[PDB]
$ cat model-v4.cif   # mmCIF, C-alpha atoms and all ligand atoms
data_data
#
loop_
_atom_site.group_PDB
_atom_site.id
_atom_site.type_symbol
_atom_site.label_atom_id
_atom_site.label_comp_id
_atom_site.auth_asym_id
_atom_site.auth_seq_id
_atom_site.Cartn_x
_atom_site.Cartn_y
_atom_site.Cartn_z
ATOM 1 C CA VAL O 17 -16.548 4.246 -14.096
ATOM 2 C CA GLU O 18 -19.641 2.456 -15.372
ATOM 3 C CA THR O 19 -19.676 0.244 -18.429
ATOM 4 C CA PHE O 20 -22.805 -0.265 -20.465
ATOM 5 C CA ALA O 21 -23.582 -2.355 -23.512
ATOM 6 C CA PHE O 22 -25.002 -0.896 -26.733
ATOM 7 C CA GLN O 23 -28.434 -1.987 -27.916
ATOM 8 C CA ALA O 24 -27.685 -4.747 -30.411
ATOM 9 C CA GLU O 25 -28.823 -2.854 -33.501
ATOM 10 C CA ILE O 26 -26.899 0.301 -32.644
ATOM 11 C CA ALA O 27 -23.825 -1.797 -31.907
ATOM 12 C CA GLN O 28 -24.286 -3.491 -35.283
ATOM 13 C CA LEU O 29 -24.567 -0.166 -37.124
ATOM 14 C CA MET O 30 -21.460 1.230 -35.496
ATOM 15 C CA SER O 31 -19.492 -1.704 -36.851
ATOM 16 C CA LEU O 32 -20.913 -1.160 -40.333
ATOM 17 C CA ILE O 33 -20.067 2.535 -40.376
ATOM 18 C CA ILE O 34 -16.565 1.983 -39.042
ATOM 19 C CA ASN O 35 -15.727 -0.696 -41.567
ATOM 20 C CA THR O 36 -17.404 0.550 -44.746
ATOM 21 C CA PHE O 37 -15.921 3.136 -47.113
ATOM 22 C CA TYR O 38 -17.696 6.309 -48.276
ATOM 23 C CA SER O 39 -16.269 9.041 -50.498
ATOM 24 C CA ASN O 40 -18.237 11.364 -48.432
ATOM 25 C CA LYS O 41 -17.501 11.098 -44.719
ATOM 26 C CA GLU O 42 -18.007 14.756 -43.860
ATOM 27 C CA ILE O 43 -21.775 14.606 -43.354
ATOM 28 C CA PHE O 44 -20.957 13.688 -39.764
ATOM 29 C CA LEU O 45 -20.486 17.386 -39.026
ATOM 30 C CA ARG O 46 -23.913 18.211 -40.443
ATOM 31 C CA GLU O 47 -25.275 15.593 -38.075
ATOM 32 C CA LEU O 48 -23.675 16.627 -34.807
ATOM 33 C CA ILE O 49 -24.655 20.217 -35.619
ATOM 34 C CA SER O 50 -28.235 19.272 -36.322
ATOM 35 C CA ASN O 51 -28.193 17.474 -32.972
ATOM 36 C CA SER O 52 -26.834 20.593 -31.236
ATOM 37 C CA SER O 53 -29.468 22.804 -32.832
ATOM 38 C CA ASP O 54 -32.222 20.447 -31.611
ATOM 39 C CA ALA O 55 -30.803 20.569 -28.114
ATOM 40 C CA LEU O 56 -30.813 24.328 -28.390
ATOM 41 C CA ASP O 57 -34.385 24.115 -29.659
ATOM 42 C CA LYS O 58 -35.190 22.042 -26.611
ATOM 43 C CA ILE O 59 -33.802 24.160 -23.788
ATOM 44 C CA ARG O 60 -35.327 27.152 -25.577
ATOM 45 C CA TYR O 61 -38.688 25.361 -25.610
ATOM 46 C CA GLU O 62 -38.361 24.608 -21.856
ATOM 47 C CA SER O 63 -37.476 28.187 -20.963
ATOM 48 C CA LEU O 64 -40.682 29.558 -22.441
ATOM 49 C CA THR O 65 -42.502 28.421 -19.309
ATOM 50 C CA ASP O 66 -39.572 28.826 -16.923
ATOM 51 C CA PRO O 67 -37.009 31.573 -17.364
ATOM 52 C CA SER O 68 -34.849 30.293 -14.495
ATOM 53 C CA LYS O 69 -33.776 27.329 -16.629
ATOM 54 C CA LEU O 70 -31.582 29.787 -18.554
ATOM 55 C CA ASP O 71 -29.653 30.790 -15.422
ATOM 56 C CA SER O 72 -27.033 28.322 -16.622
ATOM 57 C CA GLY O 73 -26.425 30.364 -19.750
ATOM 58 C CA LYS O 74 -28.537 32.754 -21.803
ATOM 59 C CA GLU O 75 -26.545 32.396 -25.034
ATOM 60 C CA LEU O 76 -27.686 29.611 -27.340
ATOM 61 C CA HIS O 77 -25.019 28.523 -29.802
ATOM 62 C CA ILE O 78 -22.571 26.065 -31.334
ATOM 63 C CA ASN O 79 -18.750 26.318 -31.257
ATOM 64 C CA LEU O 80 -16.383 24.301 -33.442
ATOM 65 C CA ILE O 81 -12.911 23.708 -32.032
ATOM 66 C CA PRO O 82 -10.312 21.854 -34.117
ATOM 67 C CA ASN O 83 -7.288 20.900 -31.999
ATOM 68 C CA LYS O 84 -4.348 19.713 -34.135
ATOM 69 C CA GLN O 85 -2.052 19.020 -31.184
ATOM 70 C CA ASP O 86 -4.542 16.585 -29.648
ATOM 71 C CA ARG O 87 -6.035 15.652 -33.028
ATOM 72 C CA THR O 88 -9.577 16.365 -31.849
ATOM 73 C CA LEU O 89 -12.494 18.182 -33.407
ATOM 74 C CA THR O 90 -14.903 19.374 -30.741
ATOM 75 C CA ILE O 91 -18.500 20.478 -31.192
ATOM 76 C CA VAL O 92 -19.926 22.345 -28.219
ATOM 77 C CA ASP O 93 -23.439 23.621 -27.645
ATOM 78 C CA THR O 94 -25.052 25.401 -24.725
ATOM 79 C CA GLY O 95 -28.159 23.328 -25.392
ATOM 80 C CA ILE O 96 -30.372 21.279 -23.105
ATOM 81 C CA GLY O 97 -27.688 18.746 -22.229
ATOM 82 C CA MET O 98 -28.394 15.390 -20.578
ATOM 83 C CA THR O 99 -29.007 13.957 -17.141
ATOM 84 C CA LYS O 100 -27.239 10.731 -16.228
ATOM 85 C CA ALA O 101 -30.236 8.604 -17.126
ATOM 86 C CA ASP O 102 -30.727 10.670 -20.277
ATOM 87 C CA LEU O 103 -27.095 9.933 -21.163
ATOM 88 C CA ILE O 104 -27.235 6.212 -20.523
ATOM 89 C CA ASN O 105 -30.498 5.765 -22.392
ATOM 90 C CA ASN O 106 -29.945 7.994 -25.418
ATOM 91 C CA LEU O 107 -26.365 7.145 -26.326
ATOM 92 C CA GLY O 108 -26.530 3.414 -26.763
ATOM 93 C CA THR O 109 -28.765 1.411 -24.475
ATOM 94 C CA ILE O 110 -32.266 2.000 -25.792
ATOM 95 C CA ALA O 111 -33.299 0.851 -29.240
ATOM 96 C CA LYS O 112 -33.810 3.580 -31.793
ATOM 97 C CA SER O 113 -36.662 2.771 -34.167
ATOM 98 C CA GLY O 114 -34.708 3.743 -37.275
ATOM 99 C CA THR O 115 -31.600 1.618 -36.834
ATOM 100 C CA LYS O 116 -32.919 -1.425 -38.666
ATOM 101 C CA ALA O 117 -34.449 0.631 -41.465
ATOM 102 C CA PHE O 118 -31.209 2.495 -42.020
ATOM 103 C CA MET O 119 -29.159 -0.695 -42.218
ATOM 104 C CA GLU O 120 -31.505 -1.984 -44.928
ATOM 105 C CA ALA O 121 -31.180 1.205 -46.971
ATOM 106 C CA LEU O 122 -27.407 0.955 -46.678
ATOM 107 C CA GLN O 123 -27.809 -2.612 -47.901
ATOM 108 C CA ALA O 124 -29.918 -1.434 -50.833
ATOM 109 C CA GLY O 125 -27.036 0.879 -51.656
ATOM 110 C CA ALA O 126 -28.298 4.080 -50.021
ATOM 111 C CA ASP O 127 -25.595 6.666 -49.428
ATOM 112 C CA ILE O 128 -24.431 7.307 -45.876
ATOM 113 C CA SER O 129 -25.821 10.870 -45.792
ATOM 114 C CA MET O 130 -29.237 9.251 -45.488
ATOM 115 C CA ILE O 131 -28.378 8.597 -41.855
ATOM 116 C CA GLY O 132 -29.901 11.843 -40.639
ATOM 117 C CA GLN O 133 -33.309 10.640 -41.824
ATOM 118 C CA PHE O 134 -33.372 7.752 -39.340
ATOM 119 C CA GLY O 135 -32.538 9.520 -36.090
ATOM 120 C CA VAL O 136 -29.172 7.805 -35.711
ATOM 121 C CA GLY O 137 -26.964 10.443 -37.294
ATOM 122 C CA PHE O 138 -24.721 10.650 -34.228
ATOM 123 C CA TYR O 139 -23.060 7.293 -34.760
ATOM 124 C CA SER O 140 -21.830 8.696 -38.065
ATOM 125 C CA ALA O 141 -19.088 10.436 -36.074
ATOM 126 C CA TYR O 142 -17.349 7.049 -36.193
ATOM 127 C CA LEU O 143 -16.765 7.605 -39.874
ATOM 128 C CA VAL O 144 -13.936 9.934 -38.817
ATOM 129 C CA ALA O 145 -13.326 9.093 -35.149
ATOM 130 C CA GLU O 146 -11.703 6.047 -33.550
ATOM 131 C CA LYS O 147 -13.035 7.331 -30.268
ATOM 132 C CA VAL O 148 -15.811 9.635 -29.119
ATOM 133 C CA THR O 149 -16.164 11.415 -25.782
ATOM 134 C CA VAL O 150 -19.394 13.202 -24.915
ATOM 135 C CA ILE O 151 -19.407 15.595 -21.970
ATOM 136 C CA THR O 152 -22.829 16.785 -20.928
ATOM 137 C CA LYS O 153 -24.494 18.928 -18.269
ATOM 138 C CA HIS O 154 -28.218 19.373 -17.696
ATOM 139 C CA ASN O 155 -29.839 21.822 -15.271
ATOM 140 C CA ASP O 156 -31.247 18.890 -13.320
ATOM 141 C CA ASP O 157 -28.097 16.783 -12.956
ATOM 142 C CA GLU O 158 -24.333 17.095 -12.484
ATOM 143 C CA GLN O 159 -21.754 16.939 -15.291
ATOM 144 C CA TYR O 160 -20.932 13.616 -16.921
ATOM 145 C CA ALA O 161 -18.637 12.092 -19.554
ATOM 146 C CA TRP O 162 -19.590 9.298 -21.992
ATOM 147 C CA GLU O 163 -16.893 7.347 -23.785
ATOM 148 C CA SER O 164 -16.819 4.770 -26.531
ATOM 149 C CA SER O 165 -14.391 3.391 -29.090
ATOM 150 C CA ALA O 166 -17.067 0.981 -30.288
ATOM 151 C CA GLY O 167 -16.362 -2.682 -29.704
ATOM 152 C CA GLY O 168 -19.743 -3.106 -28.108
ATOM 153 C CA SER O 169 -19.734 -0.838 -25.084
ATOM 154 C CA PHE O 170 -19.501 2.644 -23.670
ATOM 155 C CA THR O 171 -18.671 4.034 -20.250
ATOM 156 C CA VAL O 172 -20.000 6.767 -18.000
ATOM 157 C CA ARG O 173 -18.215 8.574 -15.176
ATOM 158 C CA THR O 174 -18.795 11.964 -13.576
ATOM 159 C CA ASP O 175 -16.546 14.536 -15.233
ATOM 160 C CA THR O 176 -14.245 16.656 -13.107
ATOM 161 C CA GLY O 177 -12.803 18.857 -15.813
ATOM 162 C CA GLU O 178 -14.073 22.293 -16.750
ATOM 163 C CA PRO O 179 -17.689 22.703 -15.557
ATOM 164 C CA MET O 180 -20.143 23.666 -18.310
ATOM 165 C CA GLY O 181 -23.013 25.926 -17.394
ATOM 166 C CA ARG O 182 -25.253 23.784 -19.559
ATOM 167 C CA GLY O 183 -25.208 21.703 -22.694
ATOM 168 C CA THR O 184 -23.137 19.059 -24.398
ATOM 169 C CA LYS O 185 -19.698 18.654 -25.926
ATOM 170 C CA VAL O 186 -18.884 15.936 -28.437
ATOM 171 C CA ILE O 187 -15.147 15.348 -28.762
ATOM 172 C CA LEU O 188 -13.929 13.434 -31.799
ATOM 173 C CA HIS O 189 -10.571 11.705 -31.407
ATOM 174 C CA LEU O 190 -9.908 11.595 -35.144
ATOM 175 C CA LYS O 191 -8.559 8.696 -37.173
ATOM 176 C CA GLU O 192 -5.078 9.125 -38.604
ATOM 177 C CA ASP O 193 -6.329 9.470 -42.180
ATOM 178 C CA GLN O 194 -9.189 11.812 -41.229
ATOM 179 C CA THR O 195 -7.136 14.845 -40.169
ATOM 180 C CA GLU O 196 -8.417 17.116 -42.949
ATOM 181 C CA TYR O 197 -11.346 17.964 -40.678
ATOM 182 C CA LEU O 198 -9.056 19.935 -38.383
ATOM 183 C CA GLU O 199 -8.337 22.155 -41.372
ATOM 184 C CA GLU O 200 -10.080 25.482 -40.916
ATOM 185 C CA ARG O 201 -10.657 25.595 -44.680
ATOM 186 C CA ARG O 202 -12.338 22.187 -44.723
ATOM 187 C CA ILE O 203 -14.624 23.175 -41.822
ATOM 188 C CA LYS O 204 -15.578 26.471 -43.445
ATOM 189 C CA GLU O 205 -16.734 24.798 -46.634
ATOM 190 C CA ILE O 206 -18.532 21.899 -44.902
ATOM 191 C CA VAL O 207 -20.675 24.104 -42.663
ATOM 192 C CA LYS O 208 -21.464 26.357 -45.613
ATOM 193 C CA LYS O 209 -22.596 23.283 -47.556
ATOM 194 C CA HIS O 210 -24.623 21.209 -45.106
ATOM 195 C CA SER O 211 -25.558 23.722 -42.423
ATOM 196 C CA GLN O 212 -26.667 27.043 -43.914
ATOM 197 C CA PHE O 213 -30.178 26.742 -42.502
ATOM 198 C CA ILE O 214 -29.207 26.189 -38.854
ATOM 199 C CA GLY O 215 -30.975 28.901 -36.902
ATOM 200 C CA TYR O 216 -28.246 29.294 -34.299
ATOM 201 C CA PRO O 217 -24.834 31.010 -34.472
ATOM 202 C CA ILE O 218 -21.826 28.842 -35.324
ATOM 203 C CA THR O 219 -18.314 29.971 -34.421
ATOM 204 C CA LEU O 220 -14.979 28.462 -35.379
ATOM 205 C CA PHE O 221 -12.478 28.536 -32.519
ATOM 206 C CA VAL O 222 -9.081 27.259 -33.615
ATOM 207 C CA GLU O 223 -7.301 25.847 -30.579
ATOM 208 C CA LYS O 224 -3.497 25.781 -30.324
ATOM 209 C CA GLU O 225 -1.434 25.320 -27.160
ATOM 210 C CA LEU O 226 1.757 27.372 -26.763
HETATM 211 N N1 LIG O 301 -25.685 18.053 -28.922
HETATM 212 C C1 LIG O 301 -26.535 17.082 -28.400
HETATM 213 N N2 LIG O 301 -27.359 17.422 -27.336
HETATM 214 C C2 LIG O 301 -28.163 16.434 -26.877
HETATM 215 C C3 LIG O 301 -28.193 15.155 -27.406
HETATM 216 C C4 LIG O 301 -27.339 14.875 -28.477
HETATM 217 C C5 LIG O 301 -27.344 13.501 -29.076
HETATM 218 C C6 LIG O 301 -26.288 12.572 -28.829
HETATM 219 CL CL1 LIG O 301 -24.905 13.016 -27.877
HETATM 220 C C7 LIG O 301 -26.344 11.259 -29.369
HETATM 221 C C8 LIG O 301 -27.453 10.864 -30.166
HETATM 222 CL CL2 LIG O 301 -27.529 9.267 -30.814
HETATM 223 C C9 LIG O 301 -28.508 11.759 -30.444
HETATM 224 C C10 LIG O 301 -28.471 13.071 -29.910
HETATM 225 O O1 LIG O 301 -29.437 14.038 -30.097
HETATM 226 C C11 LIG O 301 -30.609 13.828 -30.873
HETATM 227 C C12 LIG O 301 -31.453 15.069 -30.635
HETATM 228 C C13 LIG O 301 -31.808 15.177 -29.141
HETATM 229 C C14 LIG O 301 -32.384 16.510 -28.777
HETATM 230 F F1 LIG O 301 -31.516 17.508 -29.021
HETATM 231 F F2 LIG O 301 -33.512 16.737 -29.463
HETATM 232 F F3 LIG O 301 -32.680 16.554 -27.465
HETATM 233 N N3 LIG O 301 -26.503 15.831 -28.986
HETATM 234 C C15 LIG O 301 -29.166 14.294 -26.703
HETATM 235 N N4 LIG O 301 -29.743 15.168 -25.698
HETATM 236 C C16 LIG O 301 -30.792 14.684 -24.920
HETATM 237 O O2 LIG O 301 -31.240 13.539 -25.070
HETATM 238 N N5 LIG O 301 -31.306 15.557 -23.964
HETATM 239 C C17 LIG O 301 -32.413 15.123 -23.091
HETATM 240 C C18 LIG O 301 -33.798 15.507 -23.641
HETATM 241 C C19 LIG O 301 -34.190 15.700 -22.171
HETATM 242 C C20 LIG O 301 -32.710 16.075 -21.935
HETATM 243 C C21 LIG O 301 -29.152 16.537 -25.742
#
$ encode --input "model-v4.cif" --output "structure tokens"
Amino acid sequence: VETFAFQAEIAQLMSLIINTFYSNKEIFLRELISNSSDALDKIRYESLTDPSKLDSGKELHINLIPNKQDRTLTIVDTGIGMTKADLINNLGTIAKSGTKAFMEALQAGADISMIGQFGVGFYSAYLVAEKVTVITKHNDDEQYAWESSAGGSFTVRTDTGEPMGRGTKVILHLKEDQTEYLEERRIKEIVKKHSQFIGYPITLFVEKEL
């Protein structure tokens, strides 16, 4: 288990998002889905010069899996995924050029759904999630898991669970008062609102253990 610190601006934003109120916290789903689509875009781009790269899965898509038992909403894509370095760099440690700008707009009163515009729309998941786990697998590396509950740091281990062919899985351990987003009905409407121009298939798998 490795522990890493967040780049100071990202760490600062996370604390702003967590502690500020918005009437409007569901744009986080738009964001993780946009991310997934870009990942899909990416592996698709790579495969145009090398078919073999799709030997870890020909289908390109996004699943949504609300789990009420475990109070977790999961977003899964068979996209490009991340190598270990990719994971450590892109989910906290390297400065994103839009972080400052976005914090100023928030200051000026900008609504939170602006966040997509600044390339930091992932950290919006912490509007609804006390904890986030990202499990990723890239053709060029083994499978890893990234964890953070904010508070300045994240961790990275290898993940032993169910091997993905390829892609990324963002698991949201929801806050107590954010459980409406496990509601099938709530997820139907949200996708229909913020994600009707996503060029990949999106399926809703409702998970319940017996
Ligand atoms: N679903 C999903 N997949 C991926 C990523 C994210 C993501 C996360 Cl978890 C957190 C944040 Cl802050 C942003 C994110 O994405 C922004 C769009 C990235 C783009 F998709 F364009 F690659 N989310 C990141 N990834 C890589 O960096 N891959 C390396 C490119 C070489 C392999 C795959």
$ closest_residue --input "model-v4.cif" --among "O:169, O:40, O:52, O:65" --to "ligand LIG 301 (chain O)" --atoms "only C-alpha atoms and all ligand atoms"
O:52
$ atom_distance --input "model-v4.cif" --atom1 "atom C3 of ligand LIG 301 (chain O)" --atom2 "CA of residue 43 (chain O)"
17.2 Å
$ residues_around --input "model-v4.cif" --residues "residue 159 (chain O)" --least-positions-apart "5" --cutoff "10 Å" --atoms "all atoms listed in the file" --output "VMD selection string"
chain O and resid 97 to 100 151 to 154 173 to 184
$ atom_distance --input "model-v4.cif" --atom1 "atom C19 of ligand LIG 301 (chain O)" --atom2 "CA of residue 167 (chain O)"
26.7 Å
$ residues_near_ligand --input "model-v4.cif" --ligand "ligand LIG 301 (chain O)" --cutoff "8 Å" --atoms "all atoms listed in the file" --output "ChimeraX atom specification"
/O:48-58,91-93,95-99,102-103,106-108,135-139,150,152,154,183-186
$ write_last_selection --input "model-v4.cif" --atoms "C-alpha atoms" --output "short mmCIF file (atom, residue, chain, number, x, y, z; two decimals), keeping the file's coordinate frame"
data_model
loop_
_atom_site.label_atom_id
_atom_site.label_comp_id
_atom_site.auth_asym_id
_atom_site.auth_seq_id
_atom_site.Cartn_x
_atom_site.Cartn_y
_atom_site.Cartn_z
CA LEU O 48 -23.68 16.63 -34.81
CA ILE O 49 -24.66 20.22 -35.62
CA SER O 50 -28.24 19.27 -36.32
CA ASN O 51 -28.19 17.47 -32.97
CA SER O 52 -26.83 20.59 -31.24
CA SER O 53 -29.47 22.80 -32.83
CA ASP O 54 -32.22 20.45 -31.61
CA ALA O 55 -30.80 20.57 -28.11
CA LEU O 56 -30.81 24.33 -28.39
CA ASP O 57 -34.38 24.12 -29.66
CA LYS O 58 -35.19 22.04 -26.61
CA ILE O 91 -18.50 20.48 -31.19
CA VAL O 92 -19.93 22.34 -28.22
CA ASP O 93 -23.44 23.62 -27.64
CA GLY O 95 -28.16 23.33 -25.39
CA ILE O 96 -30.37 21.28 -23.10
CA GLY O 97 -27.69 18.75 -22.23
CA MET O 98 -28.39 15.39 -20.58
CA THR O 99 -29.01 13.96 -17.14
CA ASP O 102 -30.73 10.67 -20.28
CA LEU O 103 -27.10 9.93 -21.16
CA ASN O 106 -29.94 7.99 -25.42
CA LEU O 107 -26.36 7.14 -26.33
CA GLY O 108 -26.53 3.41 -26.76
CA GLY O 135 -32.54 9.52 -36.09
CA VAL O 136 -29.17 7.80 -35.71
CA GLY O 137 -26.96 10.44 -37.29
CA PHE O 138 -24.72 10.65 -34.23
CA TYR O 139 -23.06 7.29 -34.76
CA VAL O 150 -19.39 13.20 -24.92
CA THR O 152 -22.83 16.78 -20.93
CA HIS O 154 -28.22 19.37 -17.70
CA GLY O 183 -25.21 21.70 -22.69
CA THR O 184 -23.14 19.06 -24.40
CA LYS O 185 -19.70 18.65 -25.93
CA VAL O 186 -18.88 15.94 -28.44
#
$ resolve_selection --input "model-v4.cif" --expression "the PyMOL selection byres (((chain O and resi 24) around 12) and not hetatm)" --output "ChimeraX atom specification"
/O:20-23,25-31,108-112,115-116,167-169
$ atom_distance --input "model-v4.cif" --atom1 "CA of residue 160 (chain O)" --atom2 "CA of residue 134 (chain O)"
26.3 Å
